[PDB]
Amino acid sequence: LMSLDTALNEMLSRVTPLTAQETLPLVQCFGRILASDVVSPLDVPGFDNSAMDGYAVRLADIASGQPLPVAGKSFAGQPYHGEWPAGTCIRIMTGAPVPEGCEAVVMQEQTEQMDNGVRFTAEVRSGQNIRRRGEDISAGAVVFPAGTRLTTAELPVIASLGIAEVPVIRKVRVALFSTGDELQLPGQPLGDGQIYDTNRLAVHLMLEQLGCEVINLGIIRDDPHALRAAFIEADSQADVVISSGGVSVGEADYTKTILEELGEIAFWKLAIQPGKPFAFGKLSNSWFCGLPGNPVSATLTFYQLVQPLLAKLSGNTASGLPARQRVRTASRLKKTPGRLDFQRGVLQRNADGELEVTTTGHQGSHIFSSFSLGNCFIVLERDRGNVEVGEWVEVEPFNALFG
């Protein structure tokens, strides 16, 4: 009944990003969010230097018109030292500091290198091909703002400024558990209507790969006292509490009444497929997310709702959602208007070097295989009906959680 976009937006609109911080050496900062602006202590570059290979000149010498003999050279780790007589030029390479008094650099391509001097003929503009102290980064400038996610792109830049450690927002703590008499641990043969708990491991893996701190409470016994106790433990030590399967997502039982006894929790019916139900709400000291029991649904719901929630909570200011692109189906898709359908597809290059999607196979929620075979979601619009081969389709490549 409820649209995904509306659900997500409402979840996000309630949530306050963490602020608690810690200072860490750069090597431990991958994936972490900066807590405070990183300000440059230095000018980059540190001195005026040459944009190209050629000659360092003065405007007056060129105006004179004669070939200019080479008085010396400036390179990478060796500026030109010694006097620069009038009517001469200095040989120079990219990144080499420009000699005192230099007004321009001329690319070697514009010049005629003769035995008794370099002949210049193209016009020379004051300042041309000189990179100036600090033109890339000036001391006192913000290099990366609070809220930036730190990656191999950013951290080495910080290191280049001589900064050994930065402040970052603490990891989001997430308490995880499941419940139900059916649920079985590995090693034990399945009892009556029993199955192995798979949701909990799936959520645990994603959480860790998302950079969260997980508190896995295991399988809670089918008992309202044990459940009440799990929630209290979960909520007191975590920013977020996830039930990966077995707590009610709408259906009345002893789990739904505990939920109603411990927080203000909404039970949503999402206009998506696969899945539909999702519990979301404030506990005393945490956010609660309740997932459906079906593996496929739980994963998809986690991936599409919980993941963005965790991202806002973490302090990350990178606005926008996972990257979608318009693509042609090389496969006929069974689609039913009413639900936003996240089918699993295989996005690959065709003979013509063009990108196209192939269905992974049967899209039913009774098999898990589509996450392994697939490498993307085909996001089929809510109102859209069946899709013929060659039609335009929205695709959402899988992020690292699925390879």
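Numbering starts at 1 and runs along the sequence shown.
For the segment pair 329-337 and 120-128, the entry gives 329-337 the higher mean B-factor, averaged over Cα atoms. Relative to its counterpart among 94-102 and 209-217, 94-102 has the higher mean temperature factor, C-alpha atoms as listed in the PDB entry. Looking only at 245, 167, 162, 322, the residue with the top Cα B factor in the deposited structure is 322. Taking the PDB entry at face value, the top CA B factor among 286, 273, 151, 299 belongs to 273. Residue 345 sits in the highest third of its chain by CA B factor, as recorded in the PDB entry.
Ranked by Cα temperature factor within the chain, residue 63 sits in the middle third according to the deposited record. Among all modelled residues in this chain, the alpha-carbon of residue 46 has a temperature factor (C-alpha) in the middle third.
Per the PDB record, residue ranking by Cα B-factor puts residue 15 in the middle third of the chain. Sort the modelled residues of the chain by CA B factor and residue 357 lands in the highest third.
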